[PDB]
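J.: Structure below; questions to follow.
So basically every Cβ, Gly included, is an ideal-geometry build from the backbone, and we count neighbours across all protein chains shown. Values in this text are rule-based calculations from the coordinates and carry no lab data.
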Amino acid sequence: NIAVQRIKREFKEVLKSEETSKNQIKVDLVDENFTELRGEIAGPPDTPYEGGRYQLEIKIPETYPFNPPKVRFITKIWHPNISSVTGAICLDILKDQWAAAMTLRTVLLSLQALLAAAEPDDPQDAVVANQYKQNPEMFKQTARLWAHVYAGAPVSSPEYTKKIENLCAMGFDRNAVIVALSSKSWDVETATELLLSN
Amino acid sequence: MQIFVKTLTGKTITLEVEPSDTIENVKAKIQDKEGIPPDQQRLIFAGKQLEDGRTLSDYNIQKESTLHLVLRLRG
């Protein structure tokens, strides 16, 4: 890691940040060479991610800082700019609006800002972005359910929970069941048809 | 032996079967009891759609086990 001096310094900057002191962001070491880090960000209040905490995989590519760190959500999340399957992120500063002087703290706060406001014009996940536009209320409840199931947020829809339980009772994988129902407007018939398609 | 067959609306029926019955035989028993044509039936167990040619024993489906009936969609 040729950039190791800088990553160590930016790591320490997050550790000492005001935003870490306010439990908004944090970072942890993964490998002993600082080429992989684990970030975490708080769901903003008055969003469906409130009360949740989201862990982030941060990999530093050999071409950093000319190319950006590669960041993905470890914690599953329902958001138009994040893949509901992989955690991959679509965000300007992580692709062609990256500037070499940007810091790890900036990246973490940009992601927390993304949770406050989606950019559905430039989505990662077309299914989620479609729902966000076409049925904002179901989008909100679906995001809240994922924040409860995956990110530790308080309880969500008991009706969504019962649909998930019913399909898990057929023996389908829980995560597959959640994404099938969330992707099919919580319609048990069509989510089950998706599950049977693989 | 008896097994249960449950539909997506939670309605449950009881079927008398043999461990050596094929899933094709089971679909026919469901037709005899409920009137649903075999060609419209899909039976699910342990998160998998069952194949017509295998037996209940092959799938470890045993007494008082529950199979899930998912009818084919209009299309």
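J.: If you average 1/r over all unlike Cα pairs in the protein assembly as shown and invert the result, what Kirkwood radius do you get in angstrom? All intermediate terms of the calculation are to be shown ahead of the outcome.
T.: On the way: mean 1/r = 0.0467 Å⁻¹.
Its Kirkwood hydrodynamic radius stands at 21.4 Å.
J.: Out of residues 5 or more away from A:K26 or on other chains, whose amide H comes under 5 Å of its own, with H placed 1.01 Å from N in the peptide plane?
T.: Excluding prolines and chain starts, which carry no amide H, the hits are A:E40.
J.: A further question on this structure: Rounded to whole Å, give me the distance from the Cα center of the stretch A:65-89 to that of the stretch B:15-75.
T.: Cα centroid to Cα centroid, the span is 41 Å.
J.: Explain nothing, just compute: Karplus ³J(HN,Hα) = 6.51 cos²θ - 1.76 cosθ + 1.60, θ = phi - 60°, for every residue of the stretch A:189-197 in order, whole Hz, x for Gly and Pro.
T.: 4, 6, 5, 5, 4, 4, 4, 6, 8
J.: If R0 is 25 Å, what FRET efficiency do you get for A:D121 and A:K70 from their C-beta distance, rounded to 0.05?
T.: Values: r = 23 Å, r/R0 = 0.92.
That pair, A:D121 with A:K70, gives E of 0.65.
J.: Given the pairs A:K163/A:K184; A:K162/A:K184; A:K26/A:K162; A:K162/B:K27; A:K162/B:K63; A:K12/A:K59, which are separated by over 23 angstrom at their Cα positions? Walk me through the intermediate numbers first.
T.: Values: A:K163/A:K184 12 Å; A:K162/A:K184 16 Å; A:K26/A:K162 34 Å; A:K162/B:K27 28 Å; A:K162/B:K63 26 Å; A:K12/A:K59 17 Å.
Beyond 23 Å between Cα atoms: A:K26/A:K162; A:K162/B:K27; A:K162/B:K63.
J.: Related question: Calculated FRET efficiency, A:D92 and B:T7, Cβ-Cβ r, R0 45 Å, to nearest 0.05? List each step's numbers first, then the result.
T.: On the way: r = 48 Å, r/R0 = 1.07.
Efficiency at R0 = 45 Å is approximately 0.40.
J.: Could I ask something else about it? Quick one: 3J(HN,Hα) in Hz for the stretch B:7-16, Karplus 6.51/-1.76/1.60 with θ = phi - 60°, rounded, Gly and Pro as x.
T.: In residue order, the calculated couplings are 9, 5, 9, x, 5, 10, 10, 10, 10, 8 Hz.
J.: Output ³J(HN,Hα) for the stretch A:171-187: one whole-Hz value per residue in order, computed from phi by the Karplus curve 6.51 cos²θ - 1.76 cosθ + 1.60 with θ = phi - 60°, and x for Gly and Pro.
T.: x, 5, 5, 3, 4, 5, 4, 4, 6, 4, 5, 5, 7, 10, 6, 6, 7
J.: Taking neighbour counts of Cβ atoms within 10 Å as a proxy for exposure, in what order, fewest first, do B:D58, A:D121 appear? Kindly include the intermediate steps, with their values, before the conclusion.
T.: Numbers: B:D58 14, A:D121 8.
Going from sparsest to densest Cβ surroundings: A:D121, B:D58.
J.: Now for a different question. For A:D125, what residues show an amide H to amide H distance below 5 Å, using hydrogens built from the backbone and excluding near sequence neighbours?
T.: Those qualifying (amide H under 5 Å, at least 5 residues apart or on another chain) are A:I82.
J.: Return a whole-number percent for the relative contact order of chain A, with Cα pairs under 8 Å and 6 or more residues apart as the contact set.
T.: Numbers: 313 pairs, mean separation 33.2, N = 198.
Relative contact order, chain A: 17 percent.
J.: Then there's this: Under 1.5 on a/c is rounded, so check that first for the stretch A:156-198, then, if it is not, pick prolate when a/b is larger than b/c and oblate when it is not; a ≥ b ≥ c are the square roots of the alpha carbon gyration tensor eigenvalues. Could the numbers behind the result be given before it?
T.: Details: a/c = 1.80, a/b = 1.29, b/c = 1.40.
Since a/c reaches 1.5 but b/c is at least a/b, the shape of the stretch A:156-198 is classed as oblate.
J.: Toward the positive end of the charge dipole of chain B, about the Cα centre and with charges on Cβ (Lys, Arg +1; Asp, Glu -1), which of B:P19, B:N60, B:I44 goes farthest?
T.: Going by the Cα projections, it comes out as B:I44.
J.: In whole Å, what three semi-axes, largest first, describe the equivalent ellipsoid of chain B built from its Cα gyration tensor (square root of 5 times each eigenvalue)? Mind dumping the intermediate values first?
T.: On the way: eigenvalues 60, 34, 31 Å².
In descending order, the three semi-axes are 17, 13, 12 Å.
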